[PDB]
>>> print(open('data-v6.cif').read())   # mmCIF, C-alpha atoms and all ligand atoms
data_entry
#
loop_
_atom_site.label_atom_id
_atom_site.label_comp_id
_atom_site.auth_asym_id
_atom_site.auth_seq_id
_atom_site.Cartn_x
_atom_site.Cartn_y
_atom_site.Cartn_z
CA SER I 1 185.00 134.99 -19.60
CA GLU I 2 181.74 136.22 -18.09
CA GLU I 3 183.65 137.31 -14.98
CA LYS I 4 186.11 139.25 -17.15
CA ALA I 5 183.19 140.84 -19.02
CA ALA I 6 181.69 142.10 -15.76
CA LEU I 7 185.10 143.29 -14.55
CA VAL I 8 185.63 145.32 -17.73
CA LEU I 9 182.23 147.01 -17.48
CA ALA I 10 182.56 147.75 -13.76
CA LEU I 11 186.05 149.16 -14.36
CA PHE I 12 184.82 151.40 -17.19
CA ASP I 13 181.95 152.51 -14.95
CA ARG I 14 184.53 153.89 -12.51
CA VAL I 15 186.62 155.37 -15.33
CA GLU I 16 183.57 157.14 -16.76
CA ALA I 17 183.01 158.98 -13.47
CA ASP I 18 186.57 160.39 -13.55
CA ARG I 19 187.08 160.51 -17.32
CA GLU I 20 188.47 164.06 -17.51
CA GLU I 21 191.27 163.47 -14.99
CA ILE I 22 192.00 159.90 -16.13
CA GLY I 23 191.86 160.85 -19.80
CA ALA I 24 194.27 163.74 -19.27
CA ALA I 25 196.57 161.41 -17.33
CA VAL I 26 196.47 158.83 -20.14
CA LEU I 27 197.37 161.44 -22.77
CA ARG I 28 200.10 162.89 -20.53
CA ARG I 29 201.55 159.42 -19.95
CA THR I 30 201.47 158.56 -23.66
CA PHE I 31 203.06 161.85 -24.75
CA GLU I 32 205.81 161.73 -22.10
CA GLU I 33 206.76 158.08 -22.72
CA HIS I 34 206.38 158.42 -26.52
CA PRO I 35 207.36 161.83 -27.93
CA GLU I 36 207.14 160.14 -31.34
CA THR I 37 203.41 159.73 -30.65
CA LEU I 38 202.99 163.36 -29.58
CA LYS I 39 204.60 164.40 -32.88
CA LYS I 40 201.63 162.85 -34.71
CA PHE I 41 199.15 165.05 -32.78
CA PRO I 42 199.79 168.52 -34.26
CA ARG I 43 197.56 170.58 -31.95
CA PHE I 44 198.92 168.93 -28.81
CA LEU I 45 202.47 169.16 -30.18
CA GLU I 46 202.31 172.95 -30.56
CA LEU I 47 200.62 173.41 -27.19
CA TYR I 48 203.39 171.33 -25.61
CA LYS I 49 206.15 173.12 -27.54
CA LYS I 50 204.87 176.58 -26.57
CA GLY I 51 204.09 175.74 -22.93
CA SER I 52 200.53 176.91 -23.48
CA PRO I 53 198.40 177.34 -20.33
CA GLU I 54 195.39 175.98 -22.27
CA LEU I 55 197.03 172.54 -22.48
CA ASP I 56 195.54 171.16 -19.25
CA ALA I 57 191.97 171.97 -20.30
CA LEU I 58 192.45 170.49 -23.77
CA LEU I 59 194.04 167.36 -22.31
CA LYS I 60 190.98 166.94 -20.09
CA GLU I 61 188.61 167.64 -22.98
CA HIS I 62 190.16 165.27 -25.52
CA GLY I 63 191.04 162.67 -22.89
CA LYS I 64 187.33 162.45 -22.11
CA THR I 65 186.62 162.00 -25.83
CA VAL I 66 189.05 159.08 -26.11
CA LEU I 67 187.76 157.32 -22.99
CA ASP I 68 184.13 157.87 -24.03
CA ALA I 69 184.81 156.00 -27.28
CA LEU I 70 186.44 153.06 -25.49
CA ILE I 71 183.71 152.93 -22.83
CA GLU I 72 180.91 152.93 -25.41
CA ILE I 73 182.57 150.24 -27.55
CA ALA I 74 183.08 148.01 -24.51
CA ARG I 75 179.46 148.41 -23.43
CA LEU I 76 178.24 147.51 -26.92
CA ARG I 77 180.51 144.47 -27.22
CA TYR I 78 179.82 142.87 -23.83
CA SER I 79 176.05 143.45 -24.13
CA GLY I 80 175.72 141.71 -27.50
CA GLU I 81 175.06 144.97 -29.34
CA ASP I 82 176.43 146.07 -32.72
CA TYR I 83 179.72 147.94 -32.31
CA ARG I 84 180.80 147.63 -35.96
CA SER I 85 179.69 151.15 -36.92
CA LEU I 86 181.86 152.79 -34.26
CA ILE I 87 184.91 150.62 -34.99
CA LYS I 88 184.77 151.43 -38.71
CA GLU I 89 184.48 155.21 -38.46
CA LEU I 90 187.06 155.34 -35.65
CA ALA I 91 189.52 153.36 -37.79
CA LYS I 92 188.65 155.37 -40.91
CA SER I 93 189.34 158.72 -39.25
CA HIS I 94 192.66 157.56 -37.76
CA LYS I 95 194.05 155.76 -40.81
CA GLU I 96 192.92 158.20 -43.51
CA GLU I 97 192.35 161.56 -41.78
CA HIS I 98 194.65 161.59 -38.74
CA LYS I 99 197.21 159.16 -40.27
CA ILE I 100 198.03 157.38 -37.00
CA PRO I 101 199.88 154.03 -37.08
CA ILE I 102 198.40 151.15 -35.10
CA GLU I 103 201.42 151.08 -32.77
CA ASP I 104 200.60 154.60 -31.56
CA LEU I 105 197.10 153.38 -30.69
CA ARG I 106 198.72 150.67 -28.57
CA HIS I 107 200.63 153.38 -26.68
CA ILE I 108 197.30 154.88 -25.57
CA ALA I 109 196.01 151.49 -24.43
CA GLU I 110 199.28 150.78 -22.61
CA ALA I 111 199.03 154.16 -20.88
CA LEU I 112 195.47 153.44 -19.75
CA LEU I 113 196.66 150.21 -18.10
CA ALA I 114 199.46 152.06 -16.32
CA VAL I 115 197.25 154.96 -15.20
CA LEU I 116 194.54 152.69 -13.79
CA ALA I 117 197.13 150.70 -11.85
CA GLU I 118 198.14 153.99 -10.20
CA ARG I 119 194.65 155.48 -9.77
CA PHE I 120 192.95 152.29 -8.49
CA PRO I 121 195.77 150.30 -6.84
CA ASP I 122 193.49 148.33 -4.48
CA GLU I 123 190.91 147.46 -7.17
CA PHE I 124 193.09 147.00 -10.28
CA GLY I 125 194.33 143.55 -9.36
CA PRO I 126 195.44 140.69 -11.61
CA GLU I 127 191.89 139.76 -12.62
CA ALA I 128 190.99 143.34 -13.54
CA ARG I 129 194.27 143.89 -15.41
CA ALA I 130 193.92 140.68 -17.44
CA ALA I 131 190.31 141.52 -18.33
CA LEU I 132 191.08 145.08 -19.42
CA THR I 133 194.20 143.95 -21.31
CA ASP I 134 192.09 141.38 -23.18
CA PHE I 135 189.55 144.02 -24.21
CA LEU I 136 192.27 146.47 -25.24
CA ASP I 137 194.08 143.80 -27.25
CA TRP I 138 190.72 143.01 -28.85
CA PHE I 139 190.04 146.68 -29.58
CA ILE I 140 193.43 147.20 -31.24
CA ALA I 141 193.02 144.05 -33.35
CA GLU I 142 189.59 145.25 -34.50
CA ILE I 143 190.93 148.66 -35.56
CA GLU I 144 193.97 146.97 -37.12
CA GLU I 145 191.68 144.65 -39.09
CA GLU I 146 189.75 147.67 -40.38
CA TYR I 147 193.07 149.28 -41.32
CA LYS I 148 193.78 146.31 -43.62
CA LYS I 149 190.97 147.13 -46.06
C1 LIG W 1 192.99 153.75 -28.32
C2 LIG W 1 193.44 154.80 -29.02
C3 LIG W 1 192.58 156.00 -29.50
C4 LIG W 1 191.25 156.23 -29.38
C5 LIG W 1 190.18 155.34 -28.70
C6 LIG W 1 190.96 157.50 -30.01
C7 LIG W 1 189.72 158.11 -30.11
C8 LIG W 1 189.43 159.30 -30.74
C9 LIG W 1 188.11 159.90 -30.91
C10 LIG W 1 186.79 159.29 -30.40
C11 LIG W 1 188.25 161.05 -31.58
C12 LIG W 1 187.10 162.01 -31.98
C13 LIG W 1 186.33 161.47 -33.18
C14 LIG W 1 187.27 161.10 -34.30
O1 LIG W 1 188.10 161.95 -34.71
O2 LIG W 1 187.20 159.93 -34.78
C15 LIG W 1 189.67 161.24 -31.86
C16 LIG W 1 190.23 162.30 -32.53
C17 LIG W 1 191.56 162.45 -32.87
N1 LIG W 1 192.56 161.52 -32.63
FE1 LIG W 1 192.40 159.82 -31.48
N2 LIG W 1 192.14 158.02 -30.51
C18 LIG W 1 193.16 157.12 -30.22
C19 LIG W 1 194.49 157.27 -30.55
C20 LIG W 1 195.06 158.38 -31.16
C21 LIG W 1 196.47 158.73 -31.18
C22 LIG W 1 197.57 157.88 -30.51
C23 LIG W 1 196.59 159.87 -31.88
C24 LIG W 1 197.85 160.71 -32.22
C25 LIG W 1 199.08 160.49 -31.73
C26 LIG W 1 195.27 160.28 -32.31
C27 LIG W 1 194.97 161.41 -33.05
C28 LIG W 1 193.75 162.04 -33.11
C29 LIG W 1 193.48 163.35 -33.66
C30 LIG W 1 194.51 164.31 -34.31
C31 LIG W 1 192.18 163.60 -33.52
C32 LIG W 1 191.45 164.88 -33.97
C33 LIG W 1 191.14 165.73 -32.74
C34 LIG W 1 190.62 167.07 -33.18
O3 LIG W 1 190.59 167.33 -34.42
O4 LIG W 1 190.24 167.89 -32.31
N3 LIG W 1 194.36 159.34 -31.85
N4 LIG W 1 190.35 160.15 -31.33
#
>>> encode(input="data-v6.cif", output="structure tokens", more="lines below")
Ligand code: HEM
Amino acid sequence: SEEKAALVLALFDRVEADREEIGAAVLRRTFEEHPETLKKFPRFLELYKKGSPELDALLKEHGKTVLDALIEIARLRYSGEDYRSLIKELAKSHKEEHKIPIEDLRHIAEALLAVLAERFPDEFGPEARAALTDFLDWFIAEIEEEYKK
């Protein structure tokens, strides 16, 4: 467990340094594999539909925002700090404001696993994959629990 905790933090350290490219790749992977998920993101849907040249920059911008939230929550959890405030307002905005089902959130987490296996093939081994999958399963269950309130 303590090994997995260190693997998660070290992995997110490397993701943080390349968050714009990785975040854009995660959003691209999610939207291509799940057009039903892209439909629930109106701004990205219209930029995709119209072949807008601004799409790449906005994918990098928002992809960094998504990864920054995951990185911060992981650092708070595995350091014994209070992450409840971030989990609640992230779940509030996505259930009430953005109206995003939990399954679409899983598509993002599944895309992050697939992107990291491609971007870090010699570091993202079985230990790193199992540790990140455990955190992502934990993150989804926490948001899902806040949904059921
Ligand atoms: C692990 C999954 C996800 C994470 C960590 C995440 C994180 C975030 C964060 C930190 C923000 C900015 C602050 C906020 O609005 O709360 C945001 C905004 C937003 N999210 Fe996500 N999100 C996830 C999944 C999704 C998915 C799958 C969709 C839609 C298909 C979505 C739709 C949106 C929208 C529409 C916004 C507003 C962006 C804007 O107004 O510029 N989220 N998300």
>>> residues_around(input="data-v6.cif", residues="residue I:1", least_positions_apart="5", cutoff="10 Å", atoms="all atoms listed in the file", output="VMD selection string")
chain I and resid 6 to 7 131
>>> closest_residue(input="data-v6.cif", among="I:54, I:32, I:82, I:104", to="ligand LIG 1 (chain W)", atoms="all atoms listed in the file")
I:104
>>> closest_atom_pairs(input="data-v6.cif", of="chain I", to="ligand LIG 1 (chain W)", cutoff="6 Å", atoms="only C-alpha atoms and all ligand atoms", output="JSON lines")
{"residue": "I:37", "atom": "CA", "partner": "W:LIG1", "partner_atom": "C25", "distance": 4.5}
{"residue": "I:38", "atom": "CA", "partner": "W:LIG1", "partner_atom": "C25", "distance": 5.3}
{"residue": "I:40", "atom": "CA", "partner": "W:LIG1", "partner_atom": "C25", "distance": 4.6}
{"residue": "I:41", "atom": "CA", "partner": "W:LIG1", "partner_atom": "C24", "distance": 4.6}
{"residue": "I:65", "atom": "CA", "partner": "W:LIG1", "partner_atom": "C10", "distance": 5.3}
{"residue": "I:66", "atom": "CA", "partner": "W:LIG1", "partner_atom": "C7", "distance": 4.2}
{"residue": "I:69", "atom": "CA", "partner": "W:LIG1", "partner_atom": "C10", "distance": 4.9}
{"residue": "I:70", "atom": "CA", "partner": "W:LIG1", "partner_atom": "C5", "distance": 5.4}
{"residue": "I:90", "atom": "CA", "partner": "W:LIG1", "partner_atom": "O2", "distance": 4.7}
{"residue": "I:93", "atom": "CA", "partner": "W:LIG1", "partner_atom": "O2", "distance": 5.1}
{"residue": "I:98", "atom": "CA", "partner": "W:LIG1", "partner_atom": "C30", "distance": 5.2}
{"residue": "I:100", "atom": "CA", "partner": "W:LIG1", "partner_atom": "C24", "distance": 5.8}
{"residue": "I:104", "atom": "CA", "partner": "W:LIG1", "partner_atom": "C22", "distance": 4.6}
{"residue": "I:105", "atom": "CA", "partner": "W:LIG1", "partner_atom": "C2", "distance": 4.3}
{"residue": "I:108", "atom": "CA", "partner": "W:LIG1", "partner_atom": "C2", "distance": 5.2}
{"residue": "I:109", "atom": "CA", "partner": "W:LIG1", "partner_atom": "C1", "distance": 5.4}
>>> closest_residue(input="data-v6.cif", among="I:113, I:102, I:29, I:146", to="residue I:130", atoms="only C-alpha atoms")
I:113
>>> atom_distance(input="data-v6.cif", atom1="atom CA of residue I:129", atom2="atom CA of residue I:9")
12.6 Å
>>> atom_distance(input="data-v6.cif", atom1="atom CA of residue I:95", atom2="atom CA of residue I:143")
9.4 Å
>>> atom_distance(input="data-v6.cif", atom1="atom CA of residue I:77", atom2="atom CA of residue I:11")
14.8 Å
>>> closest_residue(input="data-v6.cif", among="I:94, I:107, I:49, I:119", to="residue I:147", atoms="all atoms listed in the file")
I:94
>>> axis_aligned_box(input="data-v6.cif", around="stretch 117-121 of chain I", padding_each_side="4 Å", output="AutoDock Vina command-line options")
--center_x 195.5 --center_y 152.9 --center_z -9.3 --size_x 13.2 --size_y 13.2 --size_z 13.0
>>> closest_residue(input="data-v6.cif", among="I:35, I:126, I:121, I:23", to="residue I:64", atoms="all atoms listed in the file")
I:23
>>> closest_residue(input="data-v6.cif", among="I:135, I:91, I:99, I:140", to="residue I:4", atoms="only C-alpha atoms")
I:135
>>> closest_residue(input="data-v6.cif", among="I:18, I:81, I:148, I:44", to="residue I:96", atoms="all atoms listed in the file")
I:148
>>> residues_around(input="data-v6.cif", residues="residue I:83", least_positions_apart="2", cutoff="12 Å", atoms="all atoms listed in the file", output="PDB file with C-alpha atoms, in the coordinates of the input")
ATOM      1  CA  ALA I  69     184.810 156.000 -27.280  1.00  0.00           C
ATOM      2  CA  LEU I  70     186.440 153.060 -25.490  1.00  0.00           C
ATOM      3  CA  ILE I  71     183.710 152.930 -22.830  1.00  0.00           C
ATOM      4  CA  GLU I  72     180.910 152.930 -25.410  1.00  0.00           C
ATOM      5  CA  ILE I  73     182.570 150.240 -27.550  1.00  0.00           C
ATOM      6  CA  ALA I  74     183.080 148.010 -24.510  1.00  0.00           C
ATOM      7  CA  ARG I  75     179.460 148.410 -23.430  1.00  0.00           C
ATOM      8  CA  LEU I  76     178.240 147.510 -26.920  1.00  0.00           C
ATOM      9  CA  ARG I  77     180.510 144.470 -27.220  1.00  0.00           C
ATOM     10  CA  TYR I  78     179.820 142.870 -23.830  1.00  0.00           C
ATOM     11  CA  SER I  79     176.050 143.450 -24.130  1.00  0.00           C
ATOM     12  CA  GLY I  80     175.720 141.710 -27.500  1.00  0.00           C
ATOM     13  CA  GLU I  81     175.060 144.970 -29.340  1.00  0.00           C
ATOM     14  CA  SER I  85     179.690 151.150 -36.920  1.00  0.00           C
ATOM     15  CA  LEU I  86     181.860 152.790 -34.260  1.00  0.00           C
ATOM     16  CA  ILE I  87     184.910 150.620 -34.990  1.00  0.00           C
ATOM     17  CA  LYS I  88     184.770 151.430 -38.710  1.00  0.00           C
ATOM     18  CA  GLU I  89     184.480 155.210 -38.460  1.00  0.00           C
ATOM     19  CA  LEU I  90     187.060 155.340 -35.650  1.00  0.00           C
ATOM     20  CA  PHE I 139     190.040 146.680 -29.580  1.00  0.00           C
ATOM     21  CA  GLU I 142     189.590 145.250 -34.500  1.00  0.00           C
ATOM     22  CA  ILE I 143     190.930 148.660 -35.560  1.00  0.00           C
TER      23      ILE I 143
END
>>> residues_around(input="data-v6.cif", residues="residue I:56", least_positions_apart="5", cutoff="12 Å", atoms="all atoms listed in the file", output="list in words")
residues 20, 21, 23, 24, 25, 27, 28, 44, 47, 48, 51, 61, 62 and 63 of chain I
>>> residues_around(input="data-v6.cif", residues="stretch 14-17 of chain I", least_positions_apart="5", cutoff="8 Å", atoms="all atoms listed in the file", output="list in words")
residues 22, 67, 68 and 71 of chain I
